[PDB]
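**Q** First, the structure itself, so that you have it in front of you.
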Amino acid sequence: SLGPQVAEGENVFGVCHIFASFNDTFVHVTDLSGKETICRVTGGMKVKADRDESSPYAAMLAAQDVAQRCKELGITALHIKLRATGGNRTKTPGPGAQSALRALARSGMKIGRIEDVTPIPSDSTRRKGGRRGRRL
RNA sequence: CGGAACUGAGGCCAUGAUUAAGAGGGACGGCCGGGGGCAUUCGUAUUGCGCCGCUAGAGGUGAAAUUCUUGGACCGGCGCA
């Protein structure tokens, strides 16, 4: 975890893959390639209370603690690939998503170019429910 | 000289055929259209597999457990199905 680059003239980039689901939050640091990882760490290690791991309070706290540890490793710049569950399923990030986001706003990492990358299908397989739907 | 069938060539008849339906059928001209059938091409995602990377949780709920998981899960990359 040592970028030999000089600090400001140019950045040694990593790339954080921020998964924000409605029941989990991943954080997966990698190289420019992506194939090689530096540090991945999740919330579920840091907080053990099933009901409020995806809670926005939990996802924020998680994002701060995780981003803190990656900064700790000393990577100055990051590419970003925020991602949600996707597919035939939901296209909206869950309640953790946004608390994590604001948390990473205060956390301090130098940010390269951002992009969205949730895998939307052209034409999809059937959603997990009835025809009559998740009813309640 | 009268009355039935058959058979030749005339003269004349203003010589003979109602219109073409804001009824209809059929033809023609270039169009029009997720109209039909057959064959052909493409896309991602998907779930599955194989391989590589870090790793201890992952799942899922209003809240939890059976469930998968240090015999390497989930996450990421490349190929295949």
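What you see of chain A is 16-151, where the numbers are those given in Swiss-Prot.
Recorded method for this deposit: electron microscopy, 4.1 Å.
The backbone N, Cα and C atoms fix where each Cβ goes, and this holds for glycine too.
The annotation phosphoserine is assigned in Swiss-Prot to A:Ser16, A:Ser139. Taken from Swiss-Prot, the feature SUMO2 cross-link covers A:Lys61, A:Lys63, A:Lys106, and the record attributes it to similarity to another entry. Sequence annotations record features per position, and here Swiss-Prot assigns region 'Disordered' to A:131-151. Marked as phosphothreonine by Swiss-Prot on the basis of similarity to another entry: A:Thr133. The feature compositional bias 'Basic residues' is assigned by Swiss-Prot to A:142-151.
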**Q** Among the recorded sites A:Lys61, A:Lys63, A:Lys106, point out the residue whose Cβ has the most other Cβ atoms within 10 Å, with all shown protein chains included in the count.
**A** A:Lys61
**Q** Any residues 6+ beyond the ends of the compositional bias 'Basic residues' (A:142-151) with a Cβ under 8 Å from its own?
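**A** Answer is 103-104.
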**Q** Select the closest residue to A:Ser139 (phosphoserine) from the following recorded positions, measuring between CA atoms: A:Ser16, A:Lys61, A:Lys63, A:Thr133.
**A** A:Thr133
**Q** Give me the long-range Cβ neighbours of A:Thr133 (phosphothreonine): same chain, 6+ apart, Cβ under 8 Å, in sequence order.
**A** A:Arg98, A:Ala99, A:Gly101, A:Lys106
**Q** What are the DSSP helix, strand and coil residue counts for the compositional bias 'Basic residues' (A:142-151)?
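**A** Secondary-structure breakdown of the compositional bias 'Basic residues' (A:142-151): 0 helix, 0 strand, 10 coil.
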